[PDB]
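See below for the structure under consideration.
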Amino acid sequence: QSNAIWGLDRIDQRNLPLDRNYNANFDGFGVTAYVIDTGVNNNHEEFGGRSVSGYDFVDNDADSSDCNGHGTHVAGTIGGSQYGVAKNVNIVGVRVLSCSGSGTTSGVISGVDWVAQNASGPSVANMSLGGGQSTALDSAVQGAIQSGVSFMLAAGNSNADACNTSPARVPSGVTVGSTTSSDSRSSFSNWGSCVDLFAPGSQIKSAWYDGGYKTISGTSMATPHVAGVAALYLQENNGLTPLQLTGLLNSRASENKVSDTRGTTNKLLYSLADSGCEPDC
Ligand SMILES: [Ca+2]
Ligand SMILES: [Ca+2]
Ligand SMILES: [Ca+2]
């Protein structure tokens, strides 16, 4: 891409400086990203008819439309034509948070269970949300990954240990911290032994609920970046189990690139099939 926004620009290369290009060998055609969030604007122009409703566990209806913005934004980072990682992925909105972003643990669990029960082909869930400890929530996410669907999970935004947050602390999940375009850990991002890797989450431009656009920061913006490359990886290999996908995200990641990691493993999202440091050692 000749004029790529920074986050896409970053994940296709090993080192700074940025080159204003997002290169891709895949687009996640044939895979489906389940976005567990405030819903998603199916009619947004970034999706070109590739987003549909799943279910709405806040209002108990069939229309998972977004009235907050956040879930449209993360869905745009996964599969938006201009500002997305996997530009022909399928998006399925699963609405578990209200217009104000508030949700119950029961409703979020219902969305996780729904994804486990309804995923058909190559699939990946994205949970750009977090809060206090919850073994019941942890247990539902642990169960959906056991059924064969990889869950990307935001680390949290409190400059704290991600091990005290659910669902972030679930080991079998892929817990994602946030970075800026200078390769620093975003100053808000959670950290520690529960975080598997970093991805662009500071100042990310993506779709908004109103059909236009917005640029916001959070581990919620970081997470869909890696869900997006999960879909790239899944098109390349449809039969990747959660374990194999987690491994492939780990071994393809750029190493020792991030500053102020605070005891986090120093791995940065990399979207192409190269291993170690290869393309630029
Ligand atoms: Ca680039
Ligand atoms: Ca609805
Ligand atoms: Ca993990």
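So you can find residues: chains in the structure tokens are A, B, ... in the order shown, residues in each start at 1, and ligands are numbered from 1 in order.
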Query raised in the report: When the cut-off is 10 Å and you count only C-alpha atoms and all ligand atoms, which residues lie near ligand 2, shown as a VMD selection string?
Result: chain A and resid 38 to 39 53 55 to 67 94 to 95 98
Report task. Based on DSSP run over this structure's backbone, return all residues of segment 67-172 of chain A in strand (DSSP E or B), as a ChimeraX atom specification. Result -> /A:90-95,123-127,131,150-154,161,166
Pull N, CA, C and O atoms from the residues just selected and write them as a PDB file, in the first residue's frame.
```pdb
ATOM      1  N   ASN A  90     -13.872 -12.339   6.534  1.00  0.00           N
ATOM      2  CA  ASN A  90     -15.254 -12.210   6.966  1.00  0.00           C
ATOM      3  C   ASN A  90     -15.318 -11.761   8.420  1.00  0.00           C
ATOM      4  O   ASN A  90     -14.568 -12.249   9.262  1.00  0.00           O
ATOM      5  N   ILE A  91     -16.216 -10.820   8.692  1.00  0.00           N
ATOM      6  CA  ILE A  91     -16.439 -10.282  10.026  1.00  0.00           C
ATOM      7  C   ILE A  91     -17.825 -10.701  10.508  1.00  0.00           C
ATOM      8  O   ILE A  91     -18.789 -10.612   9.758  1.00  0.00           O
ATOM      9  N   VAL A  92     -17.908 -11.165  11.752  1.00  0.00           N
ATOM     10  CA  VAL A  92     -19.181 -11.493  12.386  1.00  0.00           C
ATOM     11  C   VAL A  92     -19.216 -10.743  13.706  1.00  0.00           C
ATOM     12  O   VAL A  92     -18.391 -10.989  14.583  1.00  0.00           O
ATOM     13  N   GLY A  93     -20.146  -9.801  13.823  1.00  0.00           N
ATOM     14  CA  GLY A  93     -20.313  -9.039  15.041  1.00  0.00           C
ATOM     15  C   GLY A  93     -21.016  -9.844  16.110  1.00  0.00           C
ATOM     16  O   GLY A  93     -22.063 -10.433  15.851  1.00  0.00           O
ATOM     17  N   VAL A  94     -20.431  -9.881  17.305  1.00  0.00           N
ATOM     18  CA  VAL A  94     -21.084 -10.462  18.471  1.00  0.00           C
ATOM     19  C   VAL A  94     -21.101  -9.398  19.565  1.00  0.00           C
ATOM     20  O   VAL A  94     -20.081  -9.109  20.189  1.00  0.00           O
ATOM     21  N   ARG A  95     -22.267  -8.783  19.754  1.00  0.00           N
ATOM     22  CA  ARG A  95     -22.419  -7.630  20.646  1.00  0.00           C
ATOM     23  C   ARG A  95     -22.628  -8.016  22.120  1.00  0.00           C
ATOM     24  O   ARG A  95     -23.689  -8.504  22.480  1.00  0.00           O
ATOM     25  N   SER A 123     -11.504 -20.001  11.804  1.00  0.00           N
ATOM     26  CA  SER A 123     -12.073 -18.936  12.632  1.00  0.00           C
ATOM     27  C   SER A 123     -11.103 -18.367  13.677  1.00  0.00           C
ATOM     28  O   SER A 123     -10.172 -19.026  14.110  1.00  0.00           O
ATOM     29  N   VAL A 124     -11.348 -17.125  14.071  1.00  0.00           N
ATOM     30  CA  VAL A 124     -10.565 -16.454  15.100  1.00  0.00           C
ATOM     31  C   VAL A 124     -11.455 -15.451  15.840  1.00  0.00           C
ATOM     32  O   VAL A 124     -12.160 -14.662  15.215  1.00  0.00           O
ATOM     33  N   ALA A 125     -11.447 -15.514  17.165  1.00  0.00           N
ATOM     34  CA  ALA A 125     -12.164 -14.555  18.005  1.00  0.00           C
ATOM     35  C   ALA A 125     -11.233 -13.433  18.483  1.00  0.00           C
ATOM     36  O   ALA A 125     -10.025 -13.638  18.648  1.00  0.00           O
ATOM     37  N   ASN A 126     -11.820 -12.260  18.714  1.00  0.00           N
ATOM     38  CA  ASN A 126     -11.103 -11.056  19.148  1.00  0.00           C
ATOM     39  C   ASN A 126     -11.872 -10.431  20.305  1.00  0.00           C
ATOM     40  O   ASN A 126     -13.031 -10.059  20.152  1.00  0.00           O
ATOM     41  N   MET A 127     -11.230 -10.328  21.460  1.00  0.00           N
ATOM     42  CA  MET A 127     -11.858  -9.779  22.657  1.00  0.00           C
ATOM     43  C   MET A 127     -11.079  -8.560  23.125  1.00  0.00           C
ATOM     44  O   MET A 127     -10.245  -8.661  24.028  1.00  0.00           O
ATOM     45  N   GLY A 131     -11.300  -6.308  32.398  1.00  0.00           N
ATOM     46  CA  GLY A 131     -11.801  -5.856  33.678  1.00  0.00           C
ATOM     47  C   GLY A 131     -11.260  -6.747  34.768  1.00  0.00           C
ATOM     48  O   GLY A 131     -10.219  -7.397  34.601  1.00  0.00           O
ATOM     49  N   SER A 150      -9.037 -19.763  18.102  1.00  0.00           N
ATOM     50  CA  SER A 150      -8.029 -18.940  18.753  1.00  0.00           C
ATOM     51  C   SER A 150      -8.646 -17.630  19.202  1.00  0.00           C
ATOM     52  O   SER A 150      -9.349 -16.982  18.430  1.00  0.00           O
ATOM     53  N   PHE A 151      -8.365 -17.245  20.443  1.00  0.00           N
ATOM     54  CA  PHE A 151      -8.858 -16.003  21.014  1.00  0.00           C
ATOM     55  C   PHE A 151      -7.734 -15.004  21.238  1.00  0.00           C
ATOM     56  O   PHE A 151      -6.848 -15.246  22.048  1.00  0.00           O
ATOM     57  N   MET A 152      -7.790 -13.882  20.522  1.00  0.00           N
ATOM     58  CA  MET A 152      -6.928 -12.734  20.780  1.00  0.00           C
ATOM     59  C   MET A 152      -7.584 -11.884  21.864  1.00  0.00           C
ATOM     60  O   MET A 152      -8.774 -11.595  21.787  1.00  0.00           O
ATOM     61  N   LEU A 153      -6.795 -11.481  22.858  1.00  0.00           N
ATOM     62  CA  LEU A 153      -7.288 -10.808  24.065  1.00  0.00           C
ATOM     63  C   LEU A 153      -6.448  -9.572  24.412  1.00  0.00           C
ATOM     64  O   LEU A 153      -5.231  -9.662  24.506  1.00  0.00           O
ATOM     65  N   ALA A 154      -7.097  -8.436  24.643  1.00  0.00           N
ATOM     66  CA  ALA A 154      -6.384  -7.215  25.013  1.00  0.00           C
ATOM     67  C   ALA A 154      -5.791  -7.323  26.425  1.00  0.00           C
ATOM     68  O   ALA A 154      -6.420  -7.859  27.335  1.00  0.00           O
ATOM     69  N   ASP A 161       0.103  -5.234  35.759  1.00  0.00           N
ATOM     70  CA  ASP A 161       0.268  -6.644  35.420  1.00  0.00           C
ATOM     71  C   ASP A 161      -1.019  -7.183  34.790  1.00  0.00           C
ATOM     72  O   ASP A 161      -2.092  -7.096  35.391  1.00  0.00           O
ATOM     73  N   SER A 166      -9.117 -10.312  33.614  1.00  0.00           N
ATOM     74  CA  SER A 166      -9.804 -11.303  32.778  1.00  0.00           C
ATOM     75  C   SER A 166     -10.456 -10.612  31.575  1.00  0.00           C
ATOM     76  O   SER A 166     -10.987  -9.507  31.720  1.00  0.00           O
TER      77      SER A 166
END
```
Report task. Fewer than 3 positions away in the same chain doesn't count, so skip those; otherwise give me all residues within 6 Å of segment 186-202 of chain A, counting only C-alpha atoms, as an MDAnalysis selection string. Result -> chainID A and resid 7 155:163 169 174:180 217:219 221:222 263:264 267:269
Can I get the residues of chain A within 12 Å of ligand 1, each with the closest pair of atoms and their distance in Å to one decimal, using only C-alpha atoms and all ligand atoms, sorted chain first then ascending number, as a tab-separated table?
```
residue	atom	partner	partner_atom_place_in_ligand_line	distance
A:1	CA	ligand 1	1 (Ca)	8.5
A:2	CA	ligand 1	1 (Ca)	9.6
A:3	CA	ligand 1	1 (Ca)	9.9
A:4	CA	ligand 1	1 (Ca)	7.8
A:5	CA	ligand 1	1 (Ca)	9.4
A:6	CA	ligand 1	1 (Ca)	8.1
A:7	CA	ligand 1	1 (Ca)	8.9
A:8	CA	ligand 1	1 (Ca)	7.1
A:9	CA	ligand 1	1 (Ca)	3.8
A:10	CA	ligand 1	1 (Ca)	5.4
A:11	CA	ligand 1	1 (Ca)	6.9
A:12	CA	ligand 1	1 (Ca)	5.2
A:13	CA	ligand 1	1 (Ca)	5.5
A:14	CA	ligand 1	1 (Ca)	8.9
A:15	CA	ligand 1	1 (Ca)	9.2
A:16	CA	ligand 1	1 (Ca)	8.9
A:17	CA	ligand 1	1 (Ca)	8.7
A:18	CA	ligand 1	1 (Ca)	5.6
A:19	CA	ligand 1	1 (Ca)	4.9
A:20	CA	ligand 1	1 (Ca)	5.6
A:21	CA	ligand 1	1 (Ca)	4.1
A:22	CA	ligand 1	1 (Ca)	4.8
A:23	CA	ligand 1	1 (Ca)	6.6
A:24	CA	ligand 1	1 (Ca)	10.0
A:181	CA	ligand 1	1 (Ca)	11.6
A:270	CA	ligand 1	1 (Ca)	10.5
A:271	CA	ligand 1	1 (Ca)	10.4
A:272	CA	ligand 1	1 (Ca)	11.1
```
Report task. Quick one: everything within 10 Å of residue 212 of chain A, counting only C-alpha atoms, minus sequence neighbours fewer than 6 positions away in the same chain. Send it as a list in words. Result -> residues 44, 45, 46 and 206 of chain A
Query raised in the report: Smallest atom-to-atom distance to residue 184 of chain A: which of A:72, A:261, A:135, A:246, using only C-alpha atoms?
Result: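 Answer, going by the shortest atom-to-atom distance: A:261.
Running DSSP on the backbone gives helix (DSSP H, G or I) for these residues within segment 179-249 of chain A: residues 219, 220, 221, 222, 223, 224, 225, 226, 227, 228, 229, 230, 231, 232, 233, 234, 235, 236, 242, 243, 244, 245, 246, 247, 248 and 249 of chain A.
For the residues A:223, A:172, A:182, A:105, ranking by smallest atom-to-atom distance to ligand 3 using only C-alpha atoms and all ligand atoms places A:172 first.
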Fewer than 3 positions away in the same chain doesn't count, so skip those; otherwise give me all residues within 9 Å of residue 107 of chain A, counting only C-alpha atoms, as a JSON list (two decimals) with N, CA, C and O atoms, in the first residue's frame.
```
[["chain", "number", "residue", "atom", "x", "y", "z"],
["A", 57, "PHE", "N", -26.13, -9.95, 22.65],
["A", 57, "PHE", "CA", -26.43, -10.45, 23.99],
["A", 57, "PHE", "C", -26.72, -9.36, 25.03],
["A", 57, "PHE", "O", -27.06, -9.67, 26.17],
["A", 58, "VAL", "N", -26.58, -8.10, 24.62],
["A", 58, "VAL", "CA", -26.96, -6.96, 25.45],
["A", 58, "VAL", "C", -28.48, -6.75, 25.42],
["A", 58, "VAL", "O", -29.12, -6.64, 26.46],
["A", 95, "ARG", "N", -22.27, -8.78, 19.75],
["A", 95, "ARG", "CA", -22.42, -7.63, 20.65],
["A", 95, "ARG", "C", -22.63, -8.02, 22.12],
["A", 95, "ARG", "O", -23.69, -8.50, 22.48],
["A", 96, "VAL", "N", -21.61, -7.77, 22.95],
["A", 96, "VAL", "CA", -21.66, -8.06, 24.40],
["A", 96, "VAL", "C", -21.51, -6.84, 25.31],
["A", 96, "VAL", "O", -21.68, -6.94, 26.53],
["A", 97, "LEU", "N", -21.18, -5.68, 24.72],
["A", 97, "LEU", "CA", -21.06, -4.42, 25.45],
["A", 97, "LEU", "C", -22.04, -3.41, 24.90],
["A", 97, "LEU", "O", -22.30, -3.39, 23.70],
["A", 103, "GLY", "N", -20.68, -3.75, 30.02],
["A", 103, "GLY", "CA", -21.27, -5.07, 29.89],
["A", 103, "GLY", "C", -21.15, -5.87, 31.17],
["A", 103, "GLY", "O", -20.34, -5.57, 32.04],
["A", 104, "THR", "N", -21.99, -6.90, 31.28],
["A", 104, "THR", "CA", -21.91, -7.86, 32.39],
["A", 104, "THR", "C", -21.03, -9.04, 31.99],
["A", 104, "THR", "O", -20.84, -9.31, 30.79],
["A", 110, "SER", "N", -21.83, -15.32, 27.30],
["A", 110, "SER", "CA", -22.80, -15.79, 26.32],
["A", 110, "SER", "C", -22.26, -15.59, 24.90],
["A", 110, "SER", "O", -22.50, -16.42, 24.03],
["A", 111, "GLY", "N", -21.54, -14.50, 24.67],
["A", 111, "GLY", "CA", -20.91, -14.22, 23.39],
["A", 111, "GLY", "C", -19.74, -15.14, 23.09],
["A", 111, "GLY", "O", -19.54, -15.52, 21.94],
["A", 112, "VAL", "N", -18.98, -15.50, 24.12],
["A", 112, "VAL", "CA", -17.85, -16.41, 23.96],
["A", 112, "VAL", "C", -18.36, -17.81, 23.62],
["A", 112, "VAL", "O", -17.85, -18.45, 22.72]]
```
Requested in this report: Skip residue 236 of chain A itself and residues of its chain fewer than 3 positions away, then list as a list in words all residues within 8 Å of it, counting only C-alpha atoms.
Outcome: residues 26, 232 and 233 of chain A
Query raised in the report: How many Å lie between atom CA of residue 277 of chain A and atom CA of residue 89 of chain A, rounded to one decimal?
Result: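 According to the coordinates, atom CA of residue 277 of chain A and atom CA of residue 89 of chain A are separated by 27.4 Å.
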Query raised in the report: Please, what distance in Å, to one decimal, runs between atom CA of residue 120 of chain A and atom CA of residue 77 of chain A?
Result: 22.3 Å
Query raised in the report: Quick one: of A:242, A:209, A:121, A:183, who's nearest to ligand 3, counting only C-alpha atoms and all ligand atoms?
Result: A:242
Report summary line: Counting only C-alpha atoms, closest pick from A:208, A:138, A:128, A:30 relative to residue 76 of chain A is A:208
Query raised in the report: Quick one, how far is atom 1 (Ca, counted along the ligand's line) of ligand 3 from atom CA of residue 136 of chain A?
Result: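 Computing it gives 17.8 Å between the two atoms.
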Query raised in the report: Can you list, as a VMD selection string, every protein, DNA or RNA residue that comes within 10 Å of residue 73 of chain A when you count only C-alpha atoms, leaving out same-chain residues fewer than 5 positions away?
Result: chain A and resid 37 to 41 66 68 78 80 83 to 84 204 to 209 213 to 216 220 to 221 224
Query raised in the report: Closest to ligand 3 among A:281, A:231, A:243, A:226, using only C-alpha atoms and all ligand atoms?
Result: A:243
